[PDB]
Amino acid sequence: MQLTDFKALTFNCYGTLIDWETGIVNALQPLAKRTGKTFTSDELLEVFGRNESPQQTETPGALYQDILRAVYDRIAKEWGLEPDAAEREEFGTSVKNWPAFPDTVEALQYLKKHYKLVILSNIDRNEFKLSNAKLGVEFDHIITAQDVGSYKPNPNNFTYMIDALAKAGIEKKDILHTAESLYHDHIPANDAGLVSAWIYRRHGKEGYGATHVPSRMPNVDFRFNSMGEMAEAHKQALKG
C-alpha cells in the first residue's frame, strides 16, 4: 500500500485544506461578546461541532450559508441570546474569510502534478468558488453537498463521488480519500470501501474542534500531520 498506487486524491475542504476553525472562531466573536463571557477557541469550536451536523440533517438540501445561519441560531440559543439578523448574516456569509492553512497551496500545487484532485465537500457550488480561489489549483472534479442533496457523512455523498470518478476513468481502487474528519470522512470512507489518508490537523490539540465527535475510530491507511507532510512523503514515494 503506498501513495503512488492511487490516481486521484479526493478531499475534504473545510478542516483539511481550509482552516475553518480560525474562520469560525473569528466569526463567532460578536455573538460571544453579547454573552459577557470570554470563551476559549475550543469552547467555540465544540459548540459549533455539536450543532453543524445536526443542522445538516435537519435541512439536508440547504445551501451552506443557510446551514451557517441556522448554526448561529443554535449557538445563540445555547447561550440564551435572541438571534440578531445582521449578526447572523455576518456569521453566515463568513466563508469568504476562512483562510487556507499555510501549507495548503504549496502542497496542492505539488500534488496536482501527480494526481487528479477532487473535492467532496459539505458546501454548495457557488460558495466553494470563494474557497477555491484561496487554494491555488484547478480541481479535476468538484462534488458538493448541493450536487448530492445531502451532507457527509451520508453514504450517498460518497456513492455520488465514486460514480462521478468512474465515469472519468478513475476506478474505486484508484482513489485516496484525504481528510481530517473521522466522523464526516473516514468512517463513511471505510463503509464505502475507499482507502483513506488521515490529515490530523489537530494532532497537537485537544478534542475534535469544529468537527463532530466520531462514533468509533475508523481504519485509516495513511496518517500525515499536515498536507505539506503528505507532499514530502509523496516526493520520496515517487522515487521507488
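Throughout, we count residues from 1 along the sequence that is shown.
K.L.:
For the stretches 161-169 and 85-93, which has the higher mean C-alpha B-factor as given in the deposited record?
P.N.:
Mean CA B-factor is higher for 161-169.
K.L.:
30-38 versus 181-189: which one carries the higher mean Cα B factor per the record?
P.N.:
On average, C-alpha B-factors are higher across 30-38.
K.L.:
When you compare the CA B-factors of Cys13, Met217, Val25, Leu9 as listed in the entry, which one comes out on top?
P.N.:
If I rank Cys13, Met217, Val25, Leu9 by C-alpha B-factor, first place goes to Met217.
K.L.:
Taking the C-alpha B-factors as the PDB entry records them, is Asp174 in the lowest, middle or highest third of its chain?
P.N.:
According to the entry, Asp174 has a C-alpha B-factor in the chain's highest third.
K.L.:
What third of its chain, lowest, middle or highest, does the C-alpha temperature factor of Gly136 fall into?
P.N.:
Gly136: CA B-factor falls in the highest third of its chain.
K.L.:
Among the modelled residues of this chain, does the Cα B factor of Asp19 put it in the lowest, middle or highest third?
P.N.:
Its C-alpha B-factor, which the entry lists for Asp19, ranks in the lowest third among residues of this chain.
K.L.:
Sorting by Cα B-factor within the chain, modelled residues only, which third would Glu58 end up in: lowest, middle or highest?
P.N.:
As the PDB entry reports it, the C-alpha B-factor of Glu58 lands in the middle third of its chain.
K.L.:
If you rank the chain by CA B-factor, which third does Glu46 end up in: lowest, middle or highest?
P.N.:
Lowest third, going by the recorded CA B-factors of the chain.
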